[PDB]
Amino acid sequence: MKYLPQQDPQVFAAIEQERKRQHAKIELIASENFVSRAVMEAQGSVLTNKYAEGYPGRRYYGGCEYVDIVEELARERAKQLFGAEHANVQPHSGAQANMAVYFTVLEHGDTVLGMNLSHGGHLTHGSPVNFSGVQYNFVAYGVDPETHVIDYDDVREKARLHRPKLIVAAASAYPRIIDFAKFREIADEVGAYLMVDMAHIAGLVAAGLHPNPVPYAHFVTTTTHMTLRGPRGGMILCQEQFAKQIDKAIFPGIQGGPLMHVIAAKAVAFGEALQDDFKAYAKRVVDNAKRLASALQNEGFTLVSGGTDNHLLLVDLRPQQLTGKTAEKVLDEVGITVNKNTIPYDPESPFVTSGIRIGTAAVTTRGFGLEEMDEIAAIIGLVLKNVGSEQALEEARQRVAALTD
């Protein structure tokens, strides 16, 4: 940076901090990643500078000829990535992407069927403190109590019982492949629309490592920042038939001027995802997650669903008599970042939990491989199995620092 350090030492110090922290810690928060310098340069550009309400070639302001090129690049690279008929790259976030689909297809009070929030469903899928649960009538389907795999029979009974206008599939804490074909078949049974929120698995979908929801869903929403490793923001994919309504839901519907600099970073991240090495990267993400899961079970940990099909895993800490809140704090003491996360049928409340959610997308980006996964699992074992030992904690800290350089 050149001008920031001189103009704002305080903000620059905190940023420099955050940068060093990102390097020093072992980042295991499943929704995180590290973007590339080109993505950051696109967001730090003068595109931040333009009002561009409307869409390419149909703007409400003159002078949009060049930001229209950037948006169309993003839209077209998305279409290439996911095969969707239409993309809207304006959502300011995953939340806004979900909110626009709900604005489009639902009337206030309508019934929506989503994944149980304590089984993997996201906040934007019906939490009662969230707009989604406040505006609409959300009902949930759950995972099997023993396999922790979505119970498709439960999805179907719930759809048939409650007759939702919309069915939402996908999650923020579900370690197994989701069967989009089954959800769509149930939606058609009850005449509901199908929305897939692939935020967590978008990069895996882009790399062919997770079934693509695009051909099954009427709408697909996602963040551009998790496994897709783009800037922080959202995107909606949908069939051509809903194209105009989704675009109008985004604007003049729920947003105003779009973030064109972010939309330029989206196009840049999409370009990266279209390359072969992003595919090699995603592959390592999943390989790494499997490796880490295996290694954690080798250490004596129980995993929700017994393992993972994607970038993430959930540790059930009941066997070690730990709450997720406790494990998260002790791991934070040695430089390992995870999230507490409720486990299906959790006896503890959401603010305490019986599990920790872990993902490998960030460490994979930084170059960690299977041997690092083994080490990280051994570190987690030493810590979580010896919570009151300061020597275990010190040893773990030294082993964390050996990993992060």
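Numbers for residues come from their place in the sequence shown, where the first is 1.
Mean C-alpha B factor from the entry: is it higher for 184-192 or for 231-239?
In the deposited entry, the stretch with the higher C-alpha B-factor mean is 184-192.
Comparing 80-88 with 222-230, where is the mean C-alpha B-factor higher?
The entry gives the higher C-alpha B-factor average to 80-88.
Could you tell me which one of 277, 309, 151, 247 shows the highest CA temperature factor in the PDB record?
If I rank 277, 309, 151, 247 by C-alpha B-factor, first place goes to 277.
When you compare the CA B-factors of 120, 114, 271, 319 as listed in the entry, which one comes out on top?
Checking the PDB record, the top C-alpha B-factor among 120, 114, 271, 319 is at 319.
Please say which third, lowest, middle or highest, residue 31 falls into when its CA temperature factor is compared across its chain.
Lowest third, going by the recorded CA B-factors of the chain.
Ordered by C-alpha B-factor within the chain, which third holds residue 375? Give me lowest, middle or highest, please.
CA B-factor rank for residue 375: middle third.
Compare the C-alpha B factor of residue 197 with those of the other modelled residues in its chain, then answer lowest, middle or highest third.
Bottom third by C-alpha B-factor.
Based on the deposited C-alpha B factors for this chain, I'd like to know if residue 55 is in the lowest, middle or highest third.
CA B-factor rank for residue 55: lowest third.
Among the modelled residues of its chain, does the C-alpha B-factor of residue 140 lie in the lowest, middle or highest third?
Top third by C-alpha B-factor.
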